[PDB]
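Asks: got a structure for you, letters missing:
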């Protein structure tokens, strides 16, 4: 996308309430345009949706963990949807890294991680290895 | 946080434009409350900010890559801030996984990945190993 | 063999329809030394065959993957054979590396790669693990 | 493209001097449909070239090795380029796997392999590590 | 807590029968400040218990081993519990490292270590893999 | 040694201030058999010392980490010695595992752990790599 | 052992036919002594036996391979004795390295290795991973 | 080699003092032949030499260790000869396994291993990683 639309996504991704009117003065173009642009990005799908960036330490989620999930080859997708279903898997990927599954989980402590691993993820038919990697700090 | 505030963050994280008024009818409480709550989460920091969820395939970023960055122990933080500075490092972590640095990079193709790796990340004073793991699909 | 063979061999891997006369003037040798040479090369199995260098990129295969395939030790030769049957498996090795079965897979995209692994390789009986390394550029 | 292309492509990788007439009667299509087809294939870069399948075993290369080459991150593109210059490096990749540089090396024997690693690859400046996996059989 | 606690704590891990008076003259504080301090330490669970540092070497245990124990994900908590029952398992962790179960095992010799792995750990149901790292010297 | 020693040893690791009389009635042996036993145990170095089991969790150390420390081979004994000097290093080993130096580190939180690695361990000269595995629960 | 007996084993290990008489003049002692010594080492077991050092390349065993053999923990010893039984396992160890079993196998070629692996070692009830590492050259 | 010569090497490798005369009656052939054969194997090089199989536990060498030695690619052979020179490297190989060097070292204890590693092998110009794997038991 155009340069203008690139700037507009930069800006919105920093504060998605920036009012159109502010974008327009940022770009030298006008509201209607900033409007039009925004909608068009939205209709296209570049803007999937309007969301919120939520802080895990302040919700008490002290161990944001990147968890690997190995699987019997044959049950990759069956595991993946049941990991999809748990509310502590805050985002799920198929990867070409060491483990195909790759969950960004939020546990609140070692015993919560250890609990989740074994009682929730460890018990999914098909799961052959959970490999949790705890995030020391988020930098960007 | 309270259960009500948990629901309110669920909802907002699904569409952070849901109007207060809709939250209120969702919870059986009232606008003012949904208002008050929201602000309070915001002032607290549970709501870091209002943002946008942007689709890499439709921006032409076909290889969303989880890149490991090894470093000389002594230059961890110096590497980390220069990786922080590049606009293709869409999020940066310190981890207890195989590589301390852990960048979620967006390249547009193998040659873009290979370019970025070696010409941009590979040349940061201190970087001793880039380990890129390409995301086959995002599931959540 | 001899130097002119290695050169003839070099030339022929480059352009297999290279005229014998241009081979000839290059080596500074009759077309009929060439011709004779080409055919002992062919005779002895040194040239085992004439084929076409095909570009995956132009054919929709943007993801050339080196997939290691781990397997139940009983079944290494079964899984190889179910793997060679498939058209995505472009070349297939029994190797001493980290995985006994090594395949060069051509998938369209991440999704396609995700799909081949999970639905076609993965369900082969005896496959204990698929390990894809995506190739970024081919340099020779 | 279309099925007859994929088949023509199949046939041509098998025996590149396959008569167009046999291609033709097989697809059940004129020699001149074939001929036209072959040349849009050639035109579009799908057939990028005619070459010879050469057997290392008969040429004294009994050790076909997949050598991963680790390297100082600064110098990944230098080391690739000093590597492609050499004749033992039969094919050379920039890959996402455990090692950025991946080469298919043909050495005569263990000793020869030991020798190429230590004396020719190893001394290339910037090579931090050579990782050879010897191939046992080639199956496709 | 406070510095004198950390020091009292230091002293007490060194010689747990250190007189309170020597603690006392060292910190330059009454025996009865000490005494009070020791017991809020004891009260709050900071001192959780008095025990003996035992030397494996003099007890015939010349092989202090850190044994990672891999396991079927279903059964991580079963295998831990069958492991803690045994006397060779001196300390037992649920860790985020390469293996979820981590034990500090004391075997007499290689043979004994071979034996514990194969006959006692190994047969525990659900153990998919034992990974022993023998400790060479203990330095603190 | 003998069974009553192993039991006395068991009892004493449990509660080191266990009365000799309760040891005694348990083994069914004089206080003065006990007393004698305890002191040959002490004499021979089997009991090498009396210390306190200290709980990191209550002391603010919520992150008990097993940190492998890789190092320039020249400097393995230097780096160990600069490591034992530090108070976060609670126990320190020279081990046969994946890393020669193995330390049990107590950091407050992820950040603190990030900090110790980068600022205190990492800058030790000769440290080529820090490898932290966070412990989730301690079970014995 | 004594210094004299150390020298005598050095010498014998270089040529175990060196006649006693030559040892004696080597040491300044006498035949009878060199005799006595030798016998005593033999009776003790320091000299397990008199054997021959046999060259694998000249027997046509071009791939002397250090093979890892993973196993279900429970069937370690059952695998080990059946690997013991094959005549191509020229020496078998239990190790604390990556794989407990560790065979020094002699195959004659990649296809022999690949054959042995899968048809002989790969089919032992219990074997979960063969990891062959080919010796490029023997240096001592 | 012939079947007869295979048997003769089996036999000799079990006791290389078996007198010719015993081989001959074992094979049904005659002394002179068994003679002739033996010499011919010797002159050929299949019999490199006559040696002794020496027991490390009874010499007090309790940790027979398979040590990996990583190296800067460029200094492979320079390291290898200095490892060749130490009397505790009882046999040295170049490998295609994880580490090119591969020493079978005999230390007498953890502190001897740890000493050797760091003071002797760790200090060889060029050595970038020692990876010792202790043999629990020898089975063949």
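Replies: The structure has been received and is ready for your questions. Residues are numbered from 1 along each chain as shown, chains lettered A, B, ... in the order given.

Asks: drop to CA atoms for contacts and neighbour counts, all remaining ones
Replies: OK.

Asks: separation between residue A:134 and chain H?
Replies: 27 Å (Cα to the nearest Cα, to the nearest Å).

Asks: I'd guessed residue A:67 sits against residue A:103; true?
Replies: Yes. At 5.1 Å, residue A:67 counts as touching residue A:103 under the criterion of Cα atoms under 8 Å.

Asks: helix or strand: which one has the nearest residue in space to residue A:103 that is not next to it in sequence?
Replies: Of all residues not flanking residue A:103 in the chain, residue A:92 sits nearest, at 4.6 Å (Cα to Cα, 6 or more residues apart in numbering or on different chains). According to DSSP states H and E, residue A:92 maps onto strand A:89-95.

Asks: ditto for residue A:70
Replies: strand A:63-71.

Asks: for that strand, buried residues please.
Replies: Buried residues in strand A:63-71, counted by 16 or more other Cα atoms under 10 Å in any protein chain shown: A:63-71.

Asks: listing partners with orientation, what would you give for that strand?
Replies: strand A:101-107 (antiparallel), strand A:127-138 (antiparallel) (DSSP bridges).

Asks: chain center to it: distance?
Replies: 14 Å (Cα atoms, centre = their mean, to the nearest Å).

Asks: and the angle for it with strand B:89-95?
Replies: 100 degrees (axes from the mean of the first three to the mean of the last three Cα atoms, to 10 degrees).

Asks: show me what secondary structure element comes after strand A:63-71.
Replies: helix A:76-85.

Asks: now for that next one, which elements pack on it?
Replies: On a contact count with 3 or more Cα pairs under 8 Å, 6 or more residues apart in numbering or on different chains; DSSP states H and E, helix A:76-85 meets strand A:89-95.

Asks: centre-most residue in chain A?
Replies: In chain A, the residue lying closest to the centroid (Cα atoms, centre = their mean) is residue A:91, at 4.8 Å.

Asks: show me what residue A:65 is bridged to.
Replies: Beta-bridge partners recorded for residue A:65 (DSSP bridges): residue A:105, residue A:134.

Asks: hmm, it is touching residue A:136, no?
Replies: No. Applying Cα under 8 Å, one finds residue A:65 not in contact with residue A:136, separated by 9.2 Å.

Asks: who touches both of these two?
Replies: Common neighbours of residue A:65 and residue A:136 are not found (criterion: Cα atoms under 8 Å, 6 or more residues apart in numbering or on different chains).

Asks: in contact with residue A:100, which residues?
Replies: Residues near residue A:100 by Cα under 8 Å, 6+ apart: A:68-71, A:76, A:93-94.

Asks: tell me if stretch A:19-37 is near chain B.
Replies: No. Stretch A:19-37 is not in contact with chain B by Cα under 8 Å from any Cα of the partner chain; minimum separation 12.0 Å.

Asks: so how far is that stretch off the chain centroid?
Replies: With Cα atoms, centre = their mean, you get 28 Å for stretch A:19-37.

Asks: flag every buried residue along it.
Replies: For stretch A:19-37, by 16+ other Cα under 10 Å, it's A:20, A:23-24, A:30-31, A:34, A:37.

Asks: swap in stretch A:79-97?
Replies: A:79-80, A:83-84, A:88-89, A:91-97.

Asks: then stretch A:131-140?
Replies: So stretch A:131-140, judged by 16+ other Cα under 10 Å, has buried residues A:131-137.

Asks: before we move on, the earlier item: the residue nearest to residue A:103 is in contact with residue A:85, isn't it?
Replies: No. If you go by Cα under 8 Å, residue A:92 and residue A:85 don't touch, sitting 10.2 Å apart.

Asks: helix, strand or coil for residue A:140?
Replies: When classified by DSSP: H, G, I helix; E, B strand; the rest coil, residue A:140 comes out as coil.

Asks: for it, give its distance to chain H.
Replies: 34 Å.

Asks: please apply the same query to residue A:52.
Replies: From residue A:52 to chain H the distance is 46 Å (Cα to the nearest Cα).

Asks: again, but for residue A:55
Replies: 41 Å.

Asks: and that residue, how many residues sit next to it?
Replies: Neighbour count of residue A:55, defined by other Cα atoms under 10 Å in any protein chain shown: 15.

Asks: show the contacting residues for the closest residue to it other than its chain neighbours.
Replies: Distance criterion Cα to Cα, 6+ apart; nearest residue to residue A:55, sequence neighbours excluded, is residue B:46 at 4.9 Å. Residue B:46 makes contact with A:54-56, A:58-59 under the criterion Cα under 8 Å, 6+ apart.

Asks: what's the answer for residue A:94, then?
Replies: If a contact means Cα under 8 Å, 6+ apart, then residue A:94 has A:100-102, B:135-139, C:114 as its contacts.

Asks: try 7 Å
Replies: Going by Cα atoms under 7 Å, 6 or more residues apart in numbering or on different chains, residue A:94 touches A:100-102, B:135-138.

Asks: repeat that for residue A:49.
Replies: B:15, B:52-53.

Asks: quick check, nearest of the residues you listed to chain C?
Replies: If you rank these by distance to chain C using Cα to the nearest Cα, residue B:53 comes first, at 20.1 Å.

Asks: residue of chain A closest to chain H, please.
Replies: For chain A, Cα to the nearest Cα, closest residue to chain H: residue A:98, 18.0 Å.

Asks: helix or strand: which one has that residue?
Replies: Residue A:98 belongs to no helix or strand, assigned by DSSP H and E.

Asks: same question for residue A:50.
Replies: Assigned by DSSP H and E, residue A:50 belongs to strand A:47-54.

Asks: one step back: which of the strands paired with strand A:63-71 sits closest to residue A:121?
Replies: Nearest to residue A:121, of all the strands paired with strand A:63-71, is strand A:127-138, at 7.5 Å by Cα to Cα.

Asks: and the closest one, how far out from the chain middle?
Replies: With Cα atoms, centre = their mean, you get 15 Å for strand A:127-138.

Asks: orientation of that strand relative to helix A:76-85 in degrees?
Replies: Using the same axes, to 10 degrees: strand A:127-138 against helix A:76-85 is 50 degrees.

Asks: which residues touch residue A:14?
Replies: residue B:51.

Asks: for residue B:40, see how far away it is.
Replies: 20 Å (Cα to Cα, to the nearest Å).

Asks: likewise residue A:58?
Replies: 13 Å.

Asks: and what of residue A:124?
Replies: Taking Cα to Cα, one finds residue A:124 at 38 Å from residue B:40.

Asks: and the two? Which one has more around it.
Replies: Neighbour totals were compared for residue A:124 and residue B:40, and residue A:124 leads with 18 against 14 (other Cα under 10 Å).

Asks: mind checking the SS state of the more buried one?
Replies: Strictly by three-state DSSP, residue A:124 counts as coil.

Asks: now do the contacts for it.
Replies: Here residue A:124 is in contact with residue A:79 (Cα under 7 Å, 6+ apart).

Asks: equivalent analysis for residue A:109, please.
Replies: Contacts of residue A:109 were listed using Cα under 7 Å, 6+ apart, and they are A:62-63.

Asks: could you do residue A:67 as well?
Replies: A:102-105, A:130-133.

Asks: could you check the distance from it over to chain G?
Replies: Residue A:67 is 23 Å from chain G, by Cα to the nearest Cα.
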